[PDB]
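Just one chain follows, in the form deposited in one PDB entry, and it is written as structure tokens.
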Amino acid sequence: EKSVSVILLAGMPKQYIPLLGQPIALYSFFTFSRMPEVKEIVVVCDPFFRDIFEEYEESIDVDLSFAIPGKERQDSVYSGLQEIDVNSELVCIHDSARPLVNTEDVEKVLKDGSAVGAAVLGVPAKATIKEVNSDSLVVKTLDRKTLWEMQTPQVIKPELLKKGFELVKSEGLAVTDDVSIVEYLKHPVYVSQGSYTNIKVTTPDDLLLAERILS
């Protein structure tokens, strides 16, 4: 209990558009707040939108903190990381554009993060996805490989994430997707099987789909 620090990434933005009267960002916010494992939520957002979360501070059973967003997603993660409780055993990074994450799936990725050191929610990729080289040719592999689409939460022990940022900074390495920093480390990353309902709200068509799932 109260071992986990959540970093909620929320930096006309899509994550503040209402679903059934509630801004998208508040759905995951409340899901995390109800979990006894969660001690605190560090919301990374433009100071303009702080009131959206601040309104519920005494109602929720977590500490609320804020951090300023950065230029890219990993900079926002780093900013949030500076505000967590010094004794938190686990950091739980979530895209606020994913409002429909199930408590049960958060529980799973928290467990796996604790066990392995780093874990992320994923689902099997349904489409035919292939590696393509610089001459636009399919890179053929009869060595079979199952591909998974990553979601959030991404759950990691704070010291491991900090070492990841330190390595990328010191050596000046390229950050290209949402698990690139840990990919440079030798520490394993577990993929916790999530739900296809945990969609990211990018456009008004997702905005619509999110609302159906809520029904």
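In case it trips you up, residue 1 is the first one in the sequence shown, and so on. Shifts are known only where both forms have a C-alpha. Between two forms, the rigid core is the largest collection of C-alphas that superpose within 1.5 Å.
Omitted from view is the form deposited in another entry, to which the following refers.
Peer 1: Upon rigid core superposition, which of the listed residues (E54, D46, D178, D63) is displaced by 2 angstroms or more at its Cα between this form and the one not shown?
Peer 2: By this measure, the answer is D178.
Peer 1: Once the two forms are fit on the core, has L142 moved its CA by at least 2 Å between this form and the one not shown?
Peer 2: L142: C-alpha displaced by 2 Å or more between this form and the one not shown.
Peer 1: Closer or farther: how do the Cα atoms of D178 and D206 compare in that other deposited form relative to this form, given a change of at least 3 Å?
Peer 2: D178 and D206 sit farther apart in that other deposited form.
Peer 1: I want to verify one pair: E166 and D178. Are their C-alpha atoms nearer or more distant in that other deposited form compared with the form I supplied, knowing the change is 3 Å or more?
Peer 2: Compared with the form shown here, the C-alpha atoms of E166 and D178 sit closer together in that other deposited form, by 3 Å or more.
Peer 1: After superposition on the rigid core, which segments of 3 or more consecutive residues show C-alpha displacements of 2 Å or more between this form and the one not shown?
Peer 2: Segments displaced between this form and the one not shown after core fit: 141 to 145, 176 to 180.
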